[PDB]
>>> print(open('target-v4.cif').read())   # mmCIF, C-alpha atoms and all ligand atoms
data_upload
loop_
_atom_site.label_atom_id
_atom_site.label_comp_id
_atom_site.auth_asym_id
_atom_site.auth_seq_id
_atom_site.Cartn_x
_atom_site.Cartn_y
_atom_site.Cartn_z
CA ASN D 856 0.00 0.00 0.00
CA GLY D 857 2.60 2.60 -1.15
CA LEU D 858 5.30 0.86 0.98
CA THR D 859 8.67 0.54 -0.83
CA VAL D 860 12.14 -0.60 0.32
CA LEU D 861 15.13 1.18 -1.24
CA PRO D 862 18.45 -0.75 -1.58
CA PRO D 863 21.55 0.36 0.41
CA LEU D 864 24.28 2.24 -1.51
CA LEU D 865 27.03 -0.28 -0.63
CA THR D 866 26.10 -3.90 -1.44
CA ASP D 867 26.85 -6.54 1.25
CA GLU D 868 29.74 -7.65 -1.05
CA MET D 869 31.11 -4.05 -0.97
CA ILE D 870 30.73 -3.98 2.85
CA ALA D 871 32.64 -7.31 3.01
CA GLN D 872 35.37 -5.82 0.75
CA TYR D 873 35.78 -2.90 3.19
CA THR D 874 36.01 -5.33 6.19
CA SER D 875 38.55 -7.34 4.12
CA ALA D 876 40.64 -4.17 3.63
CA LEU D 877 40.44 -3.23 7.35
CA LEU D 878 41.53 -6.81 8.28
CA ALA D 879 44.34 -6.91 5.71
CA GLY D 880 45.53 -3.43 6.75
CA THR D 881 45.43 -4.30 10.50
CA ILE D 882 47.23 -7.66 10.04
CA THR D 883 49.94 -6.56 7.56
CA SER D 884 50.66 -3.03 8.91
CA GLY D 885 49.24 -2.47 12.43
CA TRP D 886 47.69 0.97 13.12
CA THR D 887 49.90 2.62 10.48
CA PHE D 888 47.27 2.43 7.66
CA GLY D 889 45.11 4.80 9.81
CA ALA D 890 48.01 7.27 10.27
CA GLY D 891 49.11 7.26 6.56
CA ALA D 892 50.35 4.61 4.11
CA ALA D 893 50.22 1.00 5.36
CA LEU D 894 53.76 0.44 6.69
CA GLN D 895 54.29 -3.35 6.61
CA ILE D 896 55.49 -4.97 9.87
CA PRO D 897 55.77 -8.69 10.83
CA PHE D 898 52.67 -9.68 12.83
CA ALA D 899 54.67 -10.91 15.87
CA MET D 900 56.50 -7.52 15.96
CA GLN D 901 53.18 -5.64 15.65
CA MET D 902 51.92 -7.79 18.53
CA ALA D 903 55.07 -6.86 20.50
CA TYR D 904 54.26 -3.13 19.95
CA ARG D 905 50.67 -3.85 21.12
CA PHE D 906 52.11 -5.50 24.29
CA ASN D 907 54.33 -2.42 24.91
CA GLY D 908 51.07 -0.34 24.54
CA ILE D 909 49.45 -2.15 27.56
CA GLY D 910 52.67 -1.69 29.63
CA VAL D 911 53.88 -5.35 29.24
CA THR D 912 57.52 -5.41 28.06
CA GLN D 913 57.79 -6.76 24.50
CA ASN D 914 60.10 -9.68 25.40
CA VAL D 915 57.09 -11.16 27.31
CA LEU D 916 55.49 -11.68 23.88
CA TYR D 917 58.54 -13.02 22.01
CA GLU D 918 59.40 -15.43 24.87
CA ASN D 919 55.73 -16.66 24.97
CA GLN D 920 54.86 -16.36 21.24
CA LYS D 921 53.64 -19.98 20.76
CA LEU D 922 51.39 -19.73 23.86
CA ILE D 923 49.99 -16.26 22.89
CA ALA D 924 49.35 -17.52 19.31
CA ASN D 925 47.57 -20.67 20.63
CA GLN D 926 45.43 -18.55 23.03
CA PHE D 927 44.45 -16.30 20.07
CA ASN D 928 43.70 -19.18 17.63
CA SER D 929 41.73 -21.07 20.33
CA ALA D 930 39.73 -17.96 21.29
CA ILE D 931 38.77 -17.41 17.58
CA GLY D 932 37.66 -21.10 17.58
CA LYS D 933 35.31 -20.43 20.56
CA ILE D 934 33.82 -17.36 18.73
CA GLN D 935 32.62 -19.69 15.94
CA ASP D 936 31.19 -22.21 18.47
CA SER D 937 29.33 -19.37 20.27
CA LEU D 938 27.83 -17.92 17.01
CA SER D 939 27.04 -21.37 15.46
CA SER D 940 25.18 -22.56 18.64
CA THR D 941 23.69 -19.21 19.82
CA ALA D 942 21.51 -17.16 17.40
CA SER D 943 20.54 -14.83 20.34
CA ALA D 944 24.15 -13.55 20.25
CA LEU D 945 22.96 -11.31 17.30
CA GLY D 946 20.17 -9.99 19.59
CA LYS D 947 20.88 -6.24 18.92
CA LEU D 948 20.68 -6.56 15.08
CA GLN D 949 17.71 -8.96 15.16
CA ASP D 950 15.91 -6.56 17.59
CA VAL D 951 16.39 -3.66 15.10
CA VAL D 952 15.02 -5.86 12.24
CA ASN D 953 12.03 -6.81 14.46
CA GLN V 1002 -1.59 19.47 13.89
CA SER V 1003 0.77 21.54 11.64
CA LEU V 1004 2.39 23.26 14.67
CA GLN V 1005 2.68 19.91 16.58
CA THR V 1006 4.41 18.42 13.49
CA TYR V 1007 6.87 21.34 13.39
CA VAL V 1008 7.64 21.26 17.16
CA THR V 1009 8.11 17.45 17.05
CA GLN V 1010 10.61 17.64 14.17
CA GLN V 1011 12.39 20.61 15.83
CA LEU V 1012 12.69 18.50 19.05
CA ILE V 1013 14.26 15.59 17.09
CA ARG V 1014 16.56 18.03 15.16
CA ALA V 1015 17.60 19.77 18.42
CA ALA V 1016 18.71 16.30 19.66
CA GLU V 1017 20.92 15.92 16.51
CA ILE V 1018 22.39 19.43 17.00
CA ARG V 1019 22.95 18.69 20.74
CA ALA V 1020 24.75 15.42 19.91
CA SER V 1021 26.95 17.49 17.52
CA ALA V 1022 27.45 20.26 20.16
CA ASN V 1023 28.54 17.57 22.67
CA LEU V 1024 30.98 16.21 20.02
CA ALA V 1025 32.30 19.74 19.29
CA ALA V 1026 32.65 20.45 23.03
CA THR V 1027 34.64 17.19 23.34
CA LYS V 1028 36.92 18.02 20.34
CA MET V 1029 37.48 21.39 22.04
CA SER V 1030 38.60 19.73 25.29
CA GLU V 1031 40.60 16.84 23.80
CA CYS V 1032 41.99 18.24 20.50
CA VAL V 1033 42.44 21.96 21.41
CA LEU V 1034 43.07 22.09 25.21
CA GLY V 1035 45.02 18.77 24.90
CA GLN V 1036 46.73 16.44 22.46
CA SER V 1037 44.67 13.38 21.50
CA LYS V 1038 45.80 9.71 21.40
CA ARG V 1039 42.33 8.71 20.05
CA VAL V 1040 42.89 7.59 16.42
CA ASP V 1041 41.07 9.71 13.79
CA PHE V 1042 39.27 11.71 16.55
CA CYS V 1043 41.33 14.86 15.88
CA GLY V 1044 41.73 14.27 12.10
CA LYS V 1045 43.66 11.68 10.01
CA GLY V 1046 47.37 11.17 10.89
CA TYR V 1047 48.94 11.33 14.38
CA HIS V 1048 47.44 14.40 16.13
CA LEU V 1049 49.72 17.31 17.06
CA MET V 1050 47.27 20.17 17.88
CA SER V 1051 44.00 21.83 16.79
CA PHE V 1052 42.86 25.41 16.39
CA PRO V 1053 39.14 26.37 16.72
CA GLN V 1054 37.74 28.95 14.29
CA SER V 1055 34.13 30.10 14.78
CA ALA V 1056 31.57 29.79 11.94
CA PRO V 1057 27.83 30.63 11.60
CA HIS V 1058 26.05 28.27 14.07
CA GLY V 1059 29.16 26.01 14.24
CA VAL V 1060 32.86 25.54 15.01
CA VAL V 1061 35.70 24.60 12.65
CA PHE V 1062 38.79 22.75 13.91
CA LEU V 1063 42.05 23.09 11.96
CA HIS V 1064 43.54 19.74 13.06
CA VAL V 1065 47.34 19.77 12.71
CA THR V 1066 48.60 16.17 12.32
CA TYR V 1067 51.92 14.44 11.66
CA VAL V 1068 51.57 12.19 8.61
CA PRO V 1069 54.56 9.90 7.90
CA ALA V 1070 56.08 9.66 4.37
CA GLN V 1071 58.97 8.28 2.24
CA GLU V 1072 59.12 4.69 3.53
CA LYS V 1073 62.23 2.56 3.02
CA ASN V 1074 61.92 -1.24 3.16
CA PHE V 1075 64.35 -2.81 5.69
CA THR V 1076 65.09 -6.32 6.95
CA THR V 1077 63.96 -6.50 10.64
CA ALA V 1078 64.30 -8.73 13.74
CA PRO V 1079 62.42 -9.17 17.07
CA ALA V 1080 65.69 -9.47 19.03
CA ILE V 1081 69.51 -9.64 18.61
CA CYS V 1082 71.73 -12.52 19.83
CA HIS V 1083 74.93 -11.36 21.53
CA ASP V 1084 77.08 -13.47 24.00
CA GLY V 1085 74.16 -15.93 24.52
CA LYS V 1086 71.92 -12.93 25.51
CA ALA V 1087 68.79 -11.95 23.56
CA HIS V 1088 68.55 -8.12 23.31
CA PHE V 1089 65.27 -6.22 22.61
CA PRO V 1090 65.02 -2.46 21.82
CA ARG V 1091 64.11 -0.16 24.79
CA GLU V 1092 62.18 1.89 22.20
CA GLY V 1093 62.15 1.48 18.41
CA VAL V 1094 62.89 -1.53 16.17
CA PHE V 1095 65.88 -3.35 14.78
CA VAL V 1096 66.40 -2.61 11.08
CA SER V 1097 69.07 -3.51 8.55
CA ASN V 1098 70.30 -1.84 5.36
CA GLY V 1099 71.21 -5.27 3.94
CA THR V 1100 74.67 -5.63 5.57
CA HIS V 1101 74.58 -3.74 8.94
CA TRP V 1102 72.10 -3.60 11.87
CA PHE V 1103 70.69 -0.51 13.59
CA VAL V 1104 67.94 0.38 16.04
CA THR V 1105 65.58 3.15 14.86
CA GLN V 1106 62.51 4.77 16.40
CA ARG V 1107 59.21 3.42 14.98
CA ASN V 1108 57.69 6.57 13.32
CA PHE V 1109 60.80 8.16 11.69
CA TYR V 1110 64.03 6.66 10.29
CA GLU V 1111 66.85 7.58 12.70
CA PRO V 1112 69.35 4.67 12.68
CA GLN V 1113 71.52 4.32 15.79
CA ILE V 1114 74.35 1.79 16.39
CA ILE V 1115 72.94 -1.06 18.56
CA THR V 1116 74.22 -0.93 22.19
CA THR V 1117 73.56 -1.93 25.81
CA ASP V 1118 72.14 1.67 26.21
CA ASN V 1119 69.37 1.46 23.53
CA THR V 1120 68.62 -2.31 24.10
CA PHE V 1121 67.67 -4.51 27.12
CA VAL V 1122 68.43 -8.24 27.73
CA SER V 1123 65.88 -10.97 28.44
CA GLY V 1124 66.86 -14.64 28.51
CA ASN V 1125 68.88 -16.21 25.71
CA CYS V 1126 69.09 -17.05 21.97
CA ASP V 1127 67.06 -20.35 22.16
CA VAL V 1128 63.53 -19.04 22.85
CA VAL V 1129 62.71 -16.22 20.39
CA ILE V 1130 61.20 -17.06 16.97
CA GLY V 1131 63.50 -15.36 14.42
CA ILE V 1132 66.26 -13.76 16.56
CA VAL V 1133 69.28 -12.61 14.35
CA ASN V 1134 72.95 -12.69 15.44
CA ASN V 1135 74.81 -9.29 15.47
CA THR V 1136 77.25 -7.60 17.93
CA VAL V 1137 75.83 -5.25 20.62
CA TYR V 1138 78.33 -2.49 21.43
CA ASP V 1139 78.90 -1.86 25.18
CA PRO V 1140 79.80 1.87 25.49
CA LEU V 1141 81.83 1.36 28.73
CA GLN V 1142 84.30 -1.09 27.11
CA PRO V 1143 86.53 1.42 25.22
CA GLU V 1144 86.53 3.72 28.33
CA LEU V 1145 88.31 0.94 30.29
CA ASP V 1146 90.42 -0.31 27.31
CA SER V 1147 91.76 3.19 26.31
CA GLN X 1002 -3.74 13.42 20.57
CA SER X 1003 -2.65 14.63 24.06
CA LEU X 1004 -1.49 11.07 24.84
CA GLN X 1005 0.51 10.92 21.53
CA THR X 1006 1.98 14.36 22.40
CA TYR X 1007 3.04 13.01 25.83
CA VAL X 1008 4.46 9.68 24.53
CA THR X 1009 6.32 11.48 21.69
CA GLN X 1010 7.96 13.95 24.10
CA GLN X 1011 8.79 11.07 26.51
CA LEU X 1012 10.40 9.01 23.67
CA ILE X 1013 12.55 12.06 22.79
CA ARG X 1014 13.35 12.74 26.49
CA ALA X 1015 14.21 9.04 27.05
CA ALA X 1016 16.78 9.39 24.21
CA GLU X 1017 18.33 12.40 26.05
CA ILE X 1018 18.46 10.36 29.33
CA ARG X 1019 19.94 7.38 27.39
CA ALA X 1020 22.61 9.68 25.87
CA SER X 1021 23.40 10.73 29.50
CA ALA X 1022 23.42 7.08 30.72
CA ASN X 1023 25.76 6.09 27.82
CA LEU X 1024 27.94 9.02 28.95
CA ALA X 1025 27.73 7.99 32.64
CA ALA X 1026 28.56 4.36 31.72
CA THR X 1027 31.59 5.70 29.76
CA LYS X 1028 32.67 7.91 32.72
CA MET X 1029 32.36 4.86 34.98
CA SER X 1030 34.65 2.76 32.74
CA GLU X 1031 37.25 5.44 31.91
CA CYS X 1032 37.32 7.60 35.09
CA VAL X 1033 36.56 5.05 37.90
CA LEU X 1034 37.78 1.68 36.53
CA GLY X 1035 40.80 3.50 34.92
CA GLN X 1036 42.80 6.71 34.67
CA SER X 1037 41.88 8.86 31.67
CA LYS X 1038 44.34 10.74 29.44
CA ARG X 1039 41.30 12.46 27.80
CA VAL X 1040 41.51 16.19 28.69
CA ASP X 1041 38.56 17.49 30.77
CA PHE X 1042 36.67 14.14 30.51
CA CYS X 1043 37.11 13.29 34.20
CA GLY X 1044 37.02 16.92 35.49
CA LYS X 1045 39.52 19.81 34.96
CA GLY X 1046 43.20 19.26 35.86
CA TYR X 1047 45.18 16.09 35.16
CA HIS X 1048 42.96 13.13 36.17
CA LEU X 1049 44.09 10.92 39.07
CA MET X 1050 40.99 8.79 39.94
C1 LIG U 1201 74.80 0.10 5.65
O1 LIG U 1201 75.17 1.13 6.61
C2 LIG U 1201 76.62 1.22 6.92
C3 LIG U 1201 76.85 2.36 7.92
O2 LIG U 1201 76.17 3.54 7.46
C4 LIG U 1201 77.40 1.42 5.62
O3 LIG U 1201 78.83 1.28 5.90
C5 LIG U 1201 79.64 2.46 5.58
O4 LIG U 1201 79.63 2.66 4.13
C6 LIG U 1201 80.49 3.76 3.60
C7 LIG U 1201 80.44 3.74 2.07
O5 LIG U 1201 80.80 2.43 1.58
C8 LIG U 1201 81.92 3.62 4.15
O6 LIG U 1201 82.67 4.83 3.88
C9 LIG U 1201 81.94 3.42 5.67
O7 LIG U 1201 83.32 3.24 6.09
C10 LIG U 1201 81.08 2.21 6.06
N1 LIG U 1201 81.10 2.01 7.51
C11 LIG U 1201 81.36 0.84 8.09
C12 LIG U 1201 81.26 0.83 9.62
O8 LIG U 1201 81.69 -0.15 7.45
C13 LIG U 1201 77.07 0.37 4.57
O9 LIG U 1201 77.78 0.71 3.34
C14 LIG U 1201 75.56 0.30 4.32
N2 LIG U 1201 75.25 -0.79 3.39
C15 LIG U 1201 74.29 -0.69 2.47
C16 LIG U 1201 74.15 -1.89 1.53
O10 LIG U 1201 73.58 0.30 2.38
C1 LIG U 1202 74.15 -17.43 15.95
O1 LIG U 1202 75.16 -17.98 16.76
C2 LIG U 1202 74.89 -19.27 17.25
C3 LIG U 1202 76.03 -19.57 18.19
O2 LIG U 1202 77.22 -19.04 17.58
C4 LIG U 1202 74.74 -20.25 16.10
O3 LIG U 1202 74.14 -21.48 16.54
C5 LIG U 1202 75.02 -22.57 16.88
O4 LIG U 1202 75.64 -22.36 18.15
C6 LIG U 1202 76.52 -23.36 18.61
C7 LIG U 1202 77.12 -22.83 19.90
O5 LIG U 1202 76.04 -22.45 20.75
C8 LIG U 1202 77.59 -23.67 17.59
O6 LIG U 1202 78.33 -24.81 18.01
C9 LIG U 1202 77.00 -23.95 16.22
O7 LIG U 1202 78.08 -24.00 15.28
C10 LIG U 1202 76.05 -22.85 15.79
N1 LIG U 1202 75.38 -23.27 14.58
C11 LIG U 1202 75.67 -22.70 13.42
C12 LIG U 1202 74.92 -23.22 12.23
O8 LIG U 1202 76.49 -21.80 13.32
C13 LIG U 1202 73.65 -19.72 15.20
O9 LIG U 1202 73.57 -20.60 14.09
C14 LIG U 1202 73.97 -18.32 14.74
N2 LIG U 1202 72.92 -17.71 13.96
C15 LIG U 1202 72.11 -18.31 13.11
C16 LIG U 1202 72.64 -18.50 11.73
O10 LIG U 1202 71.01 -18.68 13.46
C1 LIG U 1203 59.09 -3.07 -0.59
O1 LIG U 1203 59.42 -4.32 -1.29
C2 LIG U 1203 58.45 -4.86 -2.28
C3 LIG U 1203 59.07 -6.07 -2.99
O2 LIG U 1203 59.44 -7.06 -2.02
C4 LIG U 1203 58.07 -3.76 -3.27
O3 LIG U 1203 56.98 -4.24 -4.09
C5 LIG U 1203 57.60 -2.50 -2.55
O4 LIG U 1203 57.27 -1.49 -3.55
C6 LIG U 1203 58.68 -1.97 -1.60
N1 LIG U 1203 58.18 -0.78 -0.90
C7 LIG U 1203 58.93 0.31 -0.70
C8 LIG U 1203 58.25 1.47 0.04
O5 LIG U 1203 60.08 0.39 -1.08
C1 LIG U 1204 61.00 -16.12 8.27
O1 LIG U 1204 60.70 -17.32 7.49
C2 LIG U 1204 61.89 -18.12 7.11
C3 LIG U 1204 61.43 -19.25 6.18
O2 LIG U 1204 60.54 -18.70 5.21
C4 LIG U 1204 62.57 -18.59 8.39
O3 LIG U 1204 63.75 -19.34 8.07
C5 LIG U 1204 62.97 -17.38 9.25
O4 LIG U 1204 63.58 -17.87 10.48
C6 LIG U 1204 61.77 -16.48 9.57
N1 LIG U 1204 62.22 -15.26 10.25
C7 LIG U 1204 61.53 -14.66 11.22
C8 LIG U 1204 62.09 -13.32 11.74
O5 LIG U 1204 60.51 -15.17 11.67
#
>>> encode(input="target-v4.cif", output="structure tokens")
Amino acid sequence: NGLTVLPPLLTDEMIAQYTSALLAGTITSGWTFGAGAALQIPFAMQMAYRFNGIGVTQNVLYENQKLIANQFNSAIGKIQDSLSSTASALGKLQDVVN
Amino acid sequence: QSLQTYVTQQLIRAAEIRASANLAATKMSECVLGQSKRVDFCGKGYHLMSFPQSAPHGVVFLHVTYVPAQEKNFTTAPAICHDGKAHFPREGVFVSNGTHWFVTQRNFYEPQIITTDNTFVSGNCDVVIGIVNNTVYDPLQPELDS
Amino acid sequence: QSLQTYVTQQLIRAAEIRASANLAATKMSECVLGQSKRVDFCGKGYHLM
């Protein structure tokens, strides 16, 4: 009854190409792609800067790199298990749609 | 009904202006009266300072920012092996121009000779993934030897 | 119509109180649970606690 729905300007594929670029910037270059050009840096050295930014001396990362990497990989695993099992995790977005 | 429609949309528009006045008041405090660590809050680049200029029903911030330029690619390492010791930079990163090793600060290329003054020890060569052997100059040593 | 006028102004006023509760929740996290480097966020002067 005169209701219409207009499409978004960015397609969900364009949105996913922006999140791809933000990931690939963050992983390959740290914060530096926000400050200017993406300065490449090895991810373990970027992680050692990020440790120095919480006041934990960077050797604590290099001397524990296998453990810190396993804790990251394993925590990303548990994100999938949460989202796959628990649709009510998306409760803010589904509430807006409702 | 026409006046109620106008007042309702002015009340919703006043809330948008007030959200923008709260943002402007916060950029005043953090960008102008301070220096901001909040990324892209006080403009793109690393924030240095901001200057407010007034405008009709608004404010304009001239955000001065340091933007880095003229990258060089270098070989890099997490740590340096010396006499069993693993050395890490106190500040900066290890970089190499192919054949020699330096420590530089992170946001500008200023290569310094690697020493016990610009690096700190922790543990030994075995642990670190990708440590690279190079001498670490101890500045005291020539002062005793001379 | 006087009920819709009331509920409309209360929906708008709720959004002003929610903006102030989002601000008070932010002040709680940054000022109380932390120490804030944000100038004038946790009062004038350099913030201690
Ligand atoms: C890497 O940096 C070092 C130090 O700046 C360079 O070594 C110097 O090079 C000049 C020109 O050949 C010589 O006059 C100096 O005597 C060298 N110093 C030392 C301590 O050997 C080196 O040439 C650079 N290498 C590259 C590939 O850029
Ligand atoms: C850095 O130096 C170490 C020690 O000089 C090298 O590793 C081995 O160390 C033992 C003594 O701890 C020596 O007996 C071996 O000869 C060394 N192996 C080699 C292949 O030299 C280490 O290899 C050096 N850096 C490198 C290339 O990783
Ligand atoms: C760094 O090296 C790669 C090749 O390994 C090259 O494509 C790139 O342009 C270089 N970047 C700079 C800033 O020199
Ligand atoms: C980088 O990878 C190579 C093999 O591709 C490996 O031999 C080297 O030790 C690694 N260096 C660092 C700093 O991780």
>>> closest_atom_pairs(input="target-v4.cif", of="chain V", to="ligand LIG 1204 (chain U)", cutoff="6 Å", atoms="only C-alpha atoms and all ligand atoms", output="tab-separated table")
residue	atom	partner	partner_atom	distance
V:1078	CA	U:LIG1204	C8	5.5
V:1130	CA	U:LIG1204	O5	5.7
V:1131	CA	U:LIG1204	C8	3.7
>>> write_last_selection(input="target-v4.cif", atoms="C-alpha atoms", output="mmCIF file, in the frame of the given file")
data_model
loop_
_atom_site.group_PDB
_atom_site.id
_atom_site.type_symbol
_atom_site.label_atom_id
_atom_site.label_comp_id
_atom_site.auth_asym_id
_atom_site.auth_seq_id
_atom_site.Cartn_x
_atom_site.Cartn_y
_atom_site.Cartn_z
ATOM 1 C CA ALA V 1078 64.300 -8.730 13.740
ATOM 2 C CA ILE V 1130 61.200 -17.060 16.970
ATOM 3 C CA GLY V 1131 63.500 -15.360 14.420
#
>>> residues_near_ligand(input="target-v4.cif", ligand="ligand LIG 1203 (chain U)", cutoff="9 Å", atoms="all atoms listed in the file", output="list in words")
residues 894 and 895 of chain D; 1071, 1072, 1073, 1074 and 1075 of chain V
>>> interface_residues(input="target-v4.cif", of="chain D", to="chain V", cutoff="8 Å", atoms="only C-alpha atoms", output="ChimeraX atom specification")
/D:889-892,894,900,913-914,917-918,920
>>> write_last_selection(input="target-v4.cif", atoms="C-alpha atoms", output="PDB file, in the frame of the given file")
ATOM      1  CA  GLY D 889      45.110   4.800   9.810  1.00  0.00           C
ATOM      2  CA  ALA D 890      48.010   7.270  10.270  1.00  0.00           C
ATOM      3  CA  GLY D 891      49.110   7.260   6.560  1.00  0.00           C
ATOM      4  CA  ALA D 892      50.350   4.610   4.110  1.00  0.00           C
ATOM      5  CA  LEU D 894      53.760   0.440   6.690  1.00  0.00           C
ATOM      6  CA  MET D 900      56.500  -7.520  15.960  1.00  0.00           C
ATOM      7  CA  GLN D 913      57.790  -6.760  24.500  1.00  0.00           C
ATOM      8  CA  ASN D 914      60.100  -9.680  25.400  1.00  0.00           C
ATOM      9  CA  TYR D 917      58.540 -13.020  22.010  1.00  0.00           C
ATOM     10  CA  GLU D 918      59.400 -15.430  24.870  1.00  0.00           C
ATOM     11  CA  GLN D 920      54.860 -16.360  21.240  1.00  0.00           C
TER      12      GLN D 920
END
>>> residues_near_ligand(input="target-v4.cif", ligand="ligand LIG 1202 (chain U)", cutoff="9 Å", atoms="only C-alpha atoms and all ligand atoms", output="JSON, numbers by chain")
{"V": [1082, 1083, 1084, 1085, 1126, 1131, 1132, 1133, 1134, 1135]}
>>> residues_near_ligand(input="target-v4.cif", ligand="ligand LIG 1201 (chain U)", cutoff="12 Å", atoms="all atoms listed in the file", output="list in words")
residues 1073, 1074, 1075, 1076, 1096, 1097, 1098, 1099, 1100, 1101, 1102, 1103, 1104, 1111, 1112, 1113, 1114 and 1115 of chain V
>>> interface_residues(input="target-v4.cif", of="chain X", to="chain V", cutoff="10 Å", atoms="all atoms listed in the file", output="compact mmCIF listing (two decimals) with C-alpha atoms, keeping the file's coordinate frame")
# COMPACT_ATOMS: atom_id res chain seq x y z
CA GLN X 1002 -3.74 13.42 20.57
CA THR X 1006 1.98 14.36 22.40
CA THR X 1009 6.32 11.48 21.69
CA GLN X 1010 7.96 13.95 24.10
CA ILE X 1013 12.55 12.06 22.79
CA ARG X 1014 13.35 12.74 26.49
CA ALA X 1016 16.78 9.39 24.21
CA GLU X 1017 18.33 12.40 26.05
CA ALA X 1020 22.61 9.68 25.87
CA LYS X 1038 44.34 10.74 29.44
CA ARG X 1039 41.30 12.46 27.80
CA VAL X 1040 41.51 16.19 28.69
CA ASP X 1041 38.56 17.49 30.77
CA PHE X 1042 36.67 14.14 30.51
CA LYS X 1045 39.52 19.81 34.96
>>> residues_near_point(input="target-v4.cif", point="(35.8, 13.9, 36.2)", cutoff="12 Å", atoms="all atoms listed in the file", output="list in words")
residues 1024, 1025, 1027, 1028, 1029, 1030, 1031, 1032, 1033, 1035, 1036, 1037, 1038, 1039, 1040, 1041, 1042, 1043, 1044, 1045, 1046, 1047, 1048, 1049 and 1050 of chain X
>>> atom_distance(input="target-v4.cif", atom1="atom CA of residue 883 of chain D", atom2="atom CA of residue 927 of chain D")
16.8 Å
>>> atom_distance(input="target-v4.cif", atom1="atom CA of residue 1019 of chain X", atom2="atom CA of residue 1006 of chain V")
23.6 Å
>>> atom_distance(input="target-v4.cif", atom1="atom CA of residue 928 of chain D", atom2="atom CA of residue 877 of chain D")
19.3 Å
>>> closest_residue(input="target-v4.cif", among="D:876, D:861, D:909, D:930", to="residue 893 of chain D", atoms="all atoms listed in the file")
D:876
